[PDB]
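Chemist: This is the content of coords-v2.cif (mmCIF, N, CA, C and O atoms):
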```
data_data
loop_
_atom_site.label_atom_id
_atom_site.label_comp_id
_atom_site.auth_asym_id
_atom_site.auth_seq_id
_atom_site.Cartn_x
_atom_site.Cartn_y
_atom_site.Cartn_z
N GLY A 97 25.75 26.00 3.50
CA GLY A 97 26.22 27.42 3.55
C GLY A 97 27.40 27.53 4.52
O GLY A 97 28.40 26.86 4.37
N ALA A 98 27.28 28.37 5.52
CA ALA A 98 28.40 28.52 6.49
C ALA A 98 28.63 27.19 7.21
O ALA A 98 27.71 26.45 7.49
N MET A 99 29.86 26.88 7.52
CA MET A 99 30.16 25.60 8.22
C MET A 99 29.45 25.59 9.57
O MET A 99 28.93 24.57 10.01
N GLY A 100 29.41 26.70 10.25
CA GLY A 100 28.74 26.75 11.57
C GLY A 100 27.23 26.92 11.37
O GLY A 100 26.78 27.53 10.42
N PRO A 101 26.43 26.35 12.28
CA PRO A 101 24.96 26.42 12.21
C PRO A 101 24.45 27.83 12.50
O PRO A 101 24.91 28.49 13.42
N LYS A 102 23.50 28.30 11.74
CA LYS A 102 22.96 29.67 11.98
C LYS A 102 22.29 29.72 13.35
O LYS A 102 22.34 30.72 14.04
N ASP A 103 21.67 28.65 13.75
CA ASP A 103 20.99 28.63 15.08
C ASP A 103 21.16 27.25 15.72
O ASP A 103 21.77 26.37 15.15
N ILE A 104 20.62 27.06 16.89
CA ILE A 104 20.76 25.74 17.56
C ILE A 104 20.05 24.67 16.72
O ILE A 104 20.56 23.58 16.53
N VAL A 105 18.88 24.97 16.23
CA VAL A 105 18.14 23.97 15.40
C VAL A 105 18.01 24.49 13.97
O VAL A 105 17.57 25.60 13.74
N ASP A 106 18.38 23.70 13.00
CA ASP A 106 18.28 24.15 11.59
C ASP A 106 16.89 23.79 11.04
O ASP A 106 16.17 23.00 11.62
N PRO A 107 16.51 24.40 9.91
CA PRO A 107 15.21 24.15 9.27
C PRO A 107 15.13 22.75 8.67
O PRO A 107 14.82 22.58 7.50
N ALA A 108 15.40 21.74 9.45
CA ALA A 108 15.34 20.34 8.92
C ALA A 108 13.89 20.00 8.58
O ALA A 108 13.62 19.17 7.73
N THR A 109 12.94 20.62 9.23
CA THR A 109 11.51 20.32 8.94
C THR A 109 11.24 20.52 7.45
O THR A 109 11.39 21.61 6.93
N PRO A 110 10.84 19.45 6.76
CA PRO A 110 10.55 19.50 5.32
C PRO A 110 9.27 20.28 5.03
O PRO A 110 8.30 20.21 5.76
N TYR A 111 9.25 21.03 3.96
CA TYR A 111 8.03 21.82 3.62
C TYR A 111 6.98 20.90 3.02
O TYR A 111 7.28 19.81 2.57
N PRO A 112 5.71 21.34 3.02
CA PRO A 112 4.59 20.56 2.47
C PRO A 112 4.68 20.44 0.95
O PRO A 112 4.83 21.41 0.24
N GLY A 113 4.58 19.24 0.43
CA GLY A 113 4.65 19.06 -1.04
C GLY A 113 6.02 18.49 -1.42
O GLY A 113 6.23 18.03 -2.52
N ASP A 114 6.95 18.52 -0.51
CA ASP A 114 8.31 17.98 -0.81
C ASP A 114 8.23 16.45 -0.95
O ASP A 114 7.34 15.82 -0.43
N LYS A 115 9.16 15.87 -1.64
CA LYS A 115 9.14 14.38 -1.81
C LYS A 115 9.86 13.72 -0.63
O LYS A 115 10.88 14.19 -0.17
N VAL A 116 9.33 12.64 -0.14
CA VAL A 116 9.98 11.94 1.00
C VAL A 116 10.20 10.47 0.65
O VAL A 116 9.49 9.91 -0.16
N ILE A 117 11.16 9.84 1.26
CA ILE A 117 11.42 8.41 0.96
C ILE A 117 11.33 7.59 2.25
O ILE A 117 11.78 8.01 3.29
N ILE A 118 10.75 6.42 2.18
CA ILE A 118 10.63 5.58 3.40
C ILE A 118 11.82 4.63 3.49
O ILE A 118 12.26 4.07 2.50
N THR A 119 12.36 4.43 4.66
CA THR A 119 13.52 3.52 4.81
C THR A 119 13.12 2.31 5.66
O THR A 119 13.84 1.34 5.76
N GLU A 120 11.98 2.37 6.28
CA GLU A 120 11.53 1.23 7.13
C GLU A 120 10.09 0.87 6.78
O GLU A 120 9.35 1.67 6.25
N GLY A 121 9.69 -0.34 7.07
CA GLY A 121 8.29 -0.76 6.75
C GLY A 121 8.25 -1.35 5.34
O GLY A 121 9.14 -1.15 4.54
N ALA A 122 7.21 -2.09 5.03
CA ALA A 122 7.12 -2.69 3.67
C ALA A 122 7.02 -1.58 2.62
O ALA A 122 7.17 -1.82 1.44
N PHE A 123 6.77 -0.37 3.04
CA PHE A 123 6.66 0.75 2.07
C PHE A 123 8.05 1.32 1.80
O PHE A 123 8.20 2.38 1.23
N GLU A 124 9.08 0.63 2.22
CA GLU A 124 10.46 1.14 1.99
C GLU A 124 10.73 1.21 0.49
O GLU A 124 10.38 0.33 -0.26
N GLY A 125 11.36 2.27 0.04
CA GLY A 125 11.66 2.39 -1.42
C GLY A 125 10.51 3.13 -2.11
O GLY A 125 10.54 3.36 -3.30
N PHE A 126 9.50 3.50 -1.37
CA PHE A 126 8.35 4.22 -2.00
C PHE A 126 8.45 5.72 -1.68
O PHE A 126 8.79 6.11 -0.58
N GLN A 127 8.16 6.56 -2.63
CA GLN A 127 8.24 8.02 -2.39
C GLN A 127 6.88 8.54 -1.91
O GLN A 127 5.84 8.04 -2.32
N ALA A 128 6.87 9.52 -1.06
CA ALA A 128 5.58 10.07 -0.56
C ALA A 128 5.67 11.59 -0.46
O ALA A 128 6.75 12.15 -0.44
N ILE A 129 4.56 12.26 -0.39
CA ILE A 129 4.59 13.75 -0.28
C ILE A 129 3.96 14.18 1.05
O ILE A 129 2.92 13.69 1.44
N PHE A 130 4.58 15.10 1.74
CA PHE A 130 4.02 15.56 3.04
C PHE A 130 2.62 16.12 2.81
O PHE A 130 2.45 17.22 2.31
N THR A 131 1.61 15.38 3.18
CA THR A 131 0.22 15.88 2.99
C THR A 131 -0.14 16.86 4.11
O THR A 131 -0.89 17.79 3.92
N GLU A 132 0.41 16.66 5.28
CA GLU A 132 0.10 17.58 6.41
C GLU A 132 0.51 16.92 7.73
O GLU A 132 -0.24 16.18 8.33
N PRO A 133 1.74 17.20 8.19
CA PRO A 133 2.27 16.64 9.44
C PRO A 133 1.56 17.23 10.67
O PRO A 133 1.49 18.43 10.84
N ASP A 134 1.04 16.39 11.53
CA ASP A 134 0.35 16.91 12.74
C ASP A 134 1.36 17.59 13.66
O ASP A 134 1.01 18.45 14.45
N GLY A 135 2.60 17.22 13.57
CA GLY A 135 3.63 17.86 14.44
C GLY A 135 5.03 17.48 13.94
O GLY A 135 5.18 16.77 12.97
N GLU A 136 6.05 17.94 14.61
CA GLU A 136 7.44 17.61 14.17
C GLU A 136 7.74 16.15 14.50
O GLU A 136 8.57 15.52 13.88
N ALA A 137 7.06 15.60 15.48
CA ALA A 137 7.31 14.18 15.84
C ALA A 137 6.67 13.26 14.80
O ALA A 137 7.30 12.37 14.27
N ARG A 138 5.41 13.47 14.51
CA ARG A 138 4.73 12.61 13.50
C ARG A 138 4.44 13.43 12.24
O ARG A 138 4.26 14.63 12.30
N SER A 139 4.40 12.79 11.10
CA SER A 139 4.12 13.54 9.84
C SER A 139 3.19 12.71 8.96
O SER A 139 3.12 11.50 9.07
N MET A 140 2.47 13.35 8.07
CA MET A 140 1.54 12.61 7.18
C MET A 140 2.12 12.57 5.77
O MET A 140 2.34 13.59 5.14
N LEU A 141 2.38 11.39 5.25
CA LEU A 141 2.94 11.29 3.88
C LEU A 141 1.95 10.57 2.97
O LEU A 141 1.13 9.79 3.42
N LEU A 142 2.00 10.83 1.69
CA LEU A 142 1.06 10.16 0.75
C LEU A 142 1.81 9.09 -0.05
O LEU A 142 2.80 9.36 -0.68
N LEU A 143 1.33 7.88 -0.01
CA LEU A 143 2.01 6.79 -0.77
C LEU A 143 1.28 6.55 -2.09
O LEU A 143 0.13 6.16 -2.12
N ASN A 144 1.94 6.78 -3.19
CA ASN A 144 1.29 6.57 -4.52
C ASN A 144 1.37 5.09 -4.90
O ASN A 144 2.42 4.49 -4.87
N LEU A 145 0.26 4.50 -5.26
CA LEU A 145 0.28 3.06 -5.65
C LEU A 145 -0.24 2.91 -7.08
O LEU A 145 -1.15 3.60 -7.50
N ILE A 146 0.34 2.02 -7.84
CA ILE A 146 -0.11 1.83 -9.25
C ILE A 146 -1.63 1.67 -9.28
O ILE A 146 -2.29 2.04 -10.23
N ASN A 147 -2.20 1.12 -8.24
CA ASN A 147 -3.68 0.93 -8.21
C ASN A 147 -4.36 2.26 -7.85
O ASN A 147 -5.31 2.67 -8.49
N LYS A 148 -3.89 2.92 -6.83
CA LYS A 148 -4.52 4.21 -6.43
C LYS A 148 -3.63 4.92 -5.41
O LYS A 148 -2.71 4.34 -4.87
N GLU A 149 -3.90 6.16 -5.13
CA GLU A 149 -3.07 6.90 -4.13
C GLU A 149 -3.63 6.67 -2.73
O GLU A 149 -4.83 6.70 -2.52
N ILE A 150 -2.78 6.44 -1.77
CA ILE A 150 -3.27 6.20 -0.38
C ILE A 150 -2.58 7.16 0.59
O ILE A 150 -1.45 7.55 0.39
N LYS A 151 -3.25 7.54 1.64
CA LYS A 151 -2.63 8.47 2.62
C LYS A 151 -2.36 7.72 3.93
O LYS A 151 -3.22 7.03 4.44
N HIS A 152 -1.18 7.84 4.46
CA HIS A 152 -0.86 7.12 5.73
C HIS A 152 0.02 8.00 6.62
O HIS A 152 0.91 8.68 6.14
N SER A 153 -0.22 7.99 7.90
CA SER A 153 0.61 8.82 8.82
C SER A 153 1.83 8.02 9.26
O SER A 153 1.71 6.95 9.82
N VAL A 154 3.01 8.52 9.01
CA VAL A 154 4.24 7.78 9.41
C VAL A 154 5.11 8.67 10.29
O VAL A 154 5.11 9.88 10.16
N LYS A 155 5.85 8.09 11.19
CA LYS A 155 6.72 8.90 12.09
C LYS A 155 7.96 9.36 11.31
O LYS A 155 8.42 8.70 10.41
N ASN A 156 8.51 10.49 11.67
CA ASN A 156 9.72 10.99 10.95
C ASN A 156 10.84 9.96 11.09
O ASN A 156 11.75 9.91 10.28
N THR A 157 10.79 9.14 12.10
CA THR A 157 11.86 8.11 12.29
C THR A 157 11.56 6.91 11.39
O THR A 157 12.46 6.18 11.01
N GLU A 158 10.32 6.69 11.06
CA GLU A 158 9.97 5.54 10.19
C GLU A 158 10.38 5.84 8.75
O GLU A 158 10.62 4.95 7.96
N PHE A 159 10.46 7.10 8.39
CA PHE A 159 10.85 7.45 7.00
C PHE A 159 11.86 8.61 7.04
O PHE A 159 12.10 9.20 8.07
N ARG A 160 12.45 8.93 5.92
CA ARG A 160 13.44 10.04 5.89
C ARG A 160 13.16 10.94 4.68
O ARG A 160 12.51 10.55 3.73
N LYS A 161 13.63 12.16 4.72
CA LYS A 161 13.39 13.09 3.58
C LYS A 161 14.44 12.83 2.49
O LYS A 161 15.57 12.49 2.76
N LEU A 162 14.06 13.00 1.25
CA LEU A 162 15.04 12.77 0.14
C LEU A 162 16.31 13.56 0.41
O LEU A 162 16.20 14.72 0.76
#
```
How does this structure look as structure tokens?
Modeler:
Amino acid sequence: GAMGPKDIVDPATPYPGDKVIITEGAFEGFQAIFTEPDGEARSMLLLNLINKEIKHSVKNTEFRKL
């Protein structure tokens, strides 16, 4: 939108249900959905596996939002 930021911190926090992508760890290249982040520092993402769906808590620095 506007070139200048509306506030000091923008709504970078991803909403629940959004798709996320991992860039670090053997799970890199796998998409996950925010199941419920305990805080802005750590977040809970769901890793879908051809065998079954698994839930794992990853740090926002360990993965990035699409």
Chemist: Set the distance at 9 Å and use only C-alpha atoms: which residues neighbour stretch 124-133 of chain A once local chain neighbours fewer than 6 positions away are removed? I'd like the list as a ChimeraX atom specification.
Modeler: /A:110-118,139-145,151,153,159,162
Chemist: What separation in Å, quoted to one decimal, exists between atom CA of residue A:123 and atom CA of residue A:138?
Modeler: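 Value for the atom CA of residue A:123-atom CA of residue A:138 distance: 16.6 Å.
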Chemist: Please measure the separation of atom O of residue A:122 and atom CA of residue A:136, giving the value in Å to one decimal.
Modeler: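 Atom-to-atom, atom O of residue A:122 and atom CA of residue A:136 are spaced 23.2 Å apart.
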Chemist: Mind pulling up the distance from atom CA of residue A:107 to atom CA of residue A:150?
Modeler: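 Atom CA of residue A:107 lies 27.5 Å from atom CA of residue A:150.
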